[PDB]
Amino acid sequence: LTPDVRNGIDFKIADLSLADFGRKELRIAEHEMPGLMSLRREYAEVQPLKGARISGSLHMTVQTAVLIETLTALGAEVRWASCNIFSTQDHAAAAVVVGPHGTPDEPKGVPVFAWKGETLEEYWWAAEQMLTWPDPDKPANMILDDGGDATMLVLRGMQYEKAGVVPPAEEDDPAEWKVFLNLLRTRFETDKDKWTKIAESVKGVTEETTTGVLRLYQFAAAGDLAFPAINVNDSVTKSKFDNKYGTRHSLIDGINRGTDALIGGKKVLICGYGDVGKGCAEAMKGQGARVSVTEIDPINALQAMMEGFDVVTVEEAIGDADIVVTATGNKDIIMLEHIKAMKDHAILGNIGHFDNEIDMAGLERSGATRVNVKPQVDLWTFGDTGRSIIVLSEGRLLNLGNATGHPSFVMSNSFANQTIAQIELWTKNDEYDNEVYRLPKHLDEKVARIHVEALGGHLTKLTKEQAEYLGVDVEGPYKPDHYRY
C-alpha cells in the first residue's frame, strides 16, 4: 500500500486509537522489566546511542515496545517492523507510534510498520519501509534483528545488485521466497544501488535468535558477512532463560488460548530438546502430560532420558500423540505422511522457526479441507480417514501467533542483552571486524544480577580468602569461559 503520515512520523499499523490501552500495558511491563529500566537510568546522562539509526525487526509486542523506548531513551532514532506475520500486538504498535507524550491525532513516537495478520506481500513491504530511512544521505546505520530477515534483505539485496540481476524463483521454492525476490526485482528496476548503500552504511547487527545466528554463520563462512555481528542469542542470560524458561511459560499460553484441550494426562511429543525443547517439555510435565522427545544429538537425548522422557522418532510416536510440538530449528520435521497418521483431533504446532518444521505446503495441496475456527486456529480434515487435526498459527510460532510470546520479566533479560549489544557495537565499532561475536561474561553477569535483585534473592559475598582460593575477583566473573551452567 502506502505509509500513513502524521506529525512527522511515517508508519502503518492496525489502529492508532489502541494507543491508550497499549500505554497502560507498557507502563505495567516497565515494572516487570528491571533489565531495561536499570539500563535507562544508567545511560541517561551519557546518551550512548546518539547518532544511531536503528532499523529493528523483532515481534511487535508490549515487551519490544519497552525495548524500543529504551533505545530512544539512550539517544537513538529507530524505525521498526515485526518478524512474523502473526506476532504483532496491535495495541503495542499503536503506543509506540504515539509515544509516551503524544495523542493519536498528534503522534510523538517512532515509525512502526506492523499489524497482526499480514500476508506475505505485506510483511516484506513493511520490512522494506523499516530499512529505508527518509534521507538518502543517512541510511540505517545499525540493525537489531530476529531470525535474520533484515540482514538477509540487505545482503541478498546487495549480492543481486552487484551481479546486475535478481534470479527468477524456481517453482519449488517457498512462496515467501517468490515474494522476497519480487520485492528486490521490482526495486532493482528503479534503484540499482539501494541495498549496497544500506549495507556499506550499517555498522553492525545484533541478532536475537538461534535460527538467525545460524544464518550469520553461513554468511561469515561464505565471506559475505558485510558488517560486525553480535550473537545475543548465546548469552547465558538469553539462551538459558528466554529460550528455556520463556518457553516453559508461553507454550502453555499458546495452547490454552488456541484450544480448550486438557494438557495433563495426554500424550505429548516434543521435537528437539535444545533450550526451546527443554522448556516445552518441562511445562508439559508440570501440567502432568505424558511427554516423549525426539533428538538427533546423543548428548541432548541423554539429558531428556535423565529428566524422565522416552526418546523416540516421529514415526514411532506420531499416531498416538495428542499434542505435537516442533522445536528443532531445522526443516521438514513433521511431513504430510506424518500429519496423515495423527490421531483424530490431535494438535499440531511449531514453536521453533518460520513454517518449514511442519510441512505446510504439502498439507495445503493434499486435498484436506480447512475450516478456520478462529484467528490462528484451523481444523484440517482428511476425507479418506475421517480424522482431523488442529493446526496452530499456520505452522508458525504458536506462542507468539496464538498468544503473547514470553512474559515481560523473561524479555527483560533478552532485551537487556540487546540494548547492551547495541551500545557496544555503536560506541566501540572500531574494535570489531566483520565476524560474529558474543558479549563478555561480566556483561552476562551484570544482567543476571539485576534480575536476581528484582526477585529478592540475597547473594553471598566472597571473603578475600575465598576469592583467592577460587582464583576469582569478588566482583566477578566467577566462571571459566567454557563454563556451561
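Numbers for residues come from their place in the sequence shown, where the first is 1.
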Do the CA atoms of 347-355 or those of 268-276 have the higher mean B-factor in the entry? 347-355
Tell me which of 399-407 and 362-370 has the higher mean C-alpha B-factor in the deposited entry. 362-370
From 312, 214, 73, 339, pick the one with the largest CA B-factor in the entry? 73
Given 388, 209, 218, 250, identify the residue with the highest C-alpha B factor in the PDB entry. 218
Mind checking which third residue 457 falls in for C-alpha B-factor across the chain? middle
Please say which third, lowest, middle or highest, residue 160 falls into when its CA temperature factor is compared across its chain. highest
Among the modelled residues of its chain, does the C-alpha B-factor of residue 152 lie in the lowest, middle or highest third? highest
Give the position of residue 48 by CA B-factor within its chain, expressed as the lowest, middle or highest third. highest
On the chain's distribution of Cα B-factors, residue 429 falls within the third called highest
